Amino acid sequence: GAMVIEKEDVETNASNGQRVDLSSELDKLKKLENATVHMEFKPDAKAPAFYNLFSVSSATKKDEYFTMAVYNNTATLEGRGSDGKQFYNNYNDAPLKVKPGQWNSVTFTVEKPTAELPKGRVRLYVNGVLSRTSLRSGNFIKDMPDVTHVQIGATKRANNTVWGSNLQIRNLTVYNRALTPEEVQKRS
């Protein structure tokens, strides 16, 4: 099967620094070329305007990280390399929003460049529905030489931990292939 990381029925809250660490799984992400990251979660009704759902980050380089996040209820995405520069098109004004204090899913896919996708392709979905496609790059963790940490919630950047919130996580699954949009609708 294509599933490489699976976590279920965890929570971020004041007792764990609003973080669930998954860093032992980093070696599985570092060489992925096509991937899907899917998470089913219920964010706090009182969550801050910006919070992380799932990130891969670096205790050595504060500006190099990958994050699926939620920003003013908008599901968003950022990938930044060793030079701090963006991997993908902007998602901060992408259309689809999460329902605060209610169960949602968010799914990210990445496809490396091929003859059929000459720049690669990234897609982000909310509750099974495609929000936005970006053909800027198909860059992912393999393109971040300095990453050290993987987590749900509060994210290690340099020696600080940021972007925390209270989440209940029903499922977090990572696959080593990109689910098709139809597959994502069914998965959600």
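Note that residue numbering begins at 1 and tracks the sequence as displayed.
Stretches 87-95 and 104-112 differ in mean CA B factor, with 87-95 having the higher one. Stretch comparison (157-165 versus 122-130) by mean CA B-factor in the PDB entry places 157-165 on top. Comparing the listed residues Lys42, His149, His38, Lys61, the entry records the largest Cα B-factor for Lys61.
Among the modelled residues of its chain, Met144 has a C-alpha B-factor that falls in the middle third, as given in the PDB entry. The deposited CA B-factor of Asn73 belongs to the middle third of values across its chain. Among all modelled residues in this chain, the alpha-carbon of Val56 has a temperature factor (C-alpha) in the lowest third.
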